[PDB]
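Numbering (PDB author numbering), first residue to last: 1 to 114.
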Amino acid sequence: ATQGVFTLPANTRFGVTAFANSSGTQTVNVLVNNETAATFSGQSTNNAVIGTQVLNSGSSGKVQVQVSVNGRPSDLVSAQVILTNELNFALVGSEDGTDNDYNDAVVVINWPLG
Ligand SMILES: *C(=O)C[C@@H]1O[C@@H](C)[C@@H](O)[C@@H](O)[C@@H]1O
Ligand SMILES: [Ca+2]
Ligand SMILES: [Ca+2]
Ligand SMILES: [Ca+2]
Numbered sequence: 001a002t003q004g005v006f007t008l009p010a011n012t013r014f015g016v017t018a019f020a021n022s023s024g025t026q027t028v029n030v031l032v033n034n035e036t037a038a039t040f041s042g043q044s045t046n047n048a049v050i051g052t053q054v055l056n057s058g059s060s061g062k063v064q065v066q067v068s069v070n071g072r073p074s075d076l077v078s079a080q081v082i083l084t085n086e087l088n089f090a091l092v093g094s095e096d097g098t099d100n101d102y103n104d105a106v107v108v109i110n111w112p113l114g
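Following this line, the structure appears as structure tokens:
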């Protein structure tokens with residue numbers, strides 16, 4: 001199944017934050033309406049924040065997260081969780097190698113803001 005694609009409400013500010021837990025440098029691409037809107041690049045094995053940014057979901061509300069390591073797309077897992085019908089988390093994990101901890105790049109999208 002497709003992973004890392006989320007339908008957000010339209011024209012809504014959302015936060016996107018990425019953490020690294022891998023030997024390889026992580027490149028995190030965030031697309032709004034199929035256009036790249038933010039790129040994070042960093043390396044860490046201590047869950048360091050390699051990027052955090054506020055974006056607008058625009059008129060489509062389609063947000064897609066992609067992760068690339070060693071020039072190879074990482075395998076992704078994702079889901080969306082909603083608390084008390086108001087607070088939204090779109091979550092991505094990604095695996096760049098063989099150990100399947102799926103934490104190599106971890107991406108958290110949360111909304112609403114403000
Ligand atoms: C290469 O070593 C694989 C890679 O980096 C490791 C330190 C570990 O974080 C592993 O999960 C990651 O895929
Ligand atoms: Ca891994
Ligand atoms: Ca890892
Ligand atoms: Ca508030």
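The C-beta atom is built at its ideal place from N, Cα and C for all residues, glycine as well.
In this structure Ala79 is exposed. Its beta-carbon is surrounded by fewer than 16 other beta-carbon atoms within 10 angstroms. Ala18 counts as buried, since at least 16 other C-beta atoms from the protein chains shown sit within 10 angstroms of its C-beta. In the DSSP assignment, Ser22 forms a beta bridge with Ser44.
Secondary structure within the region 45-90: the beta strand (DSSP E) runs of 3 or more consecutive residues, fully enclosed, are 62-69 and 75-83 (chain order). With a threshold of 6 Å, the Cβ atom of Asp104 counts as near ligand 3, since some heavy atom of the ligand is closer than that.
By the neighbour-count criterion, in which a residue is buried when 16 or more other Cβ atoms sit within 10 angstroms of its Cβ, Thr36 is exposed. For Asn110, the enclosing beta strand (DSSP E) starts and ends at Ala105 to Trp111. Contact check for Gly42 and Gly51: beta-carbon distance about 7 Å, within the 8 Å limit, so the pair qualifies. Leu55 counts as buried, since at least 16 other C-beta atoms from the protein chains shown sit within 10 angstroms of its C-beta.
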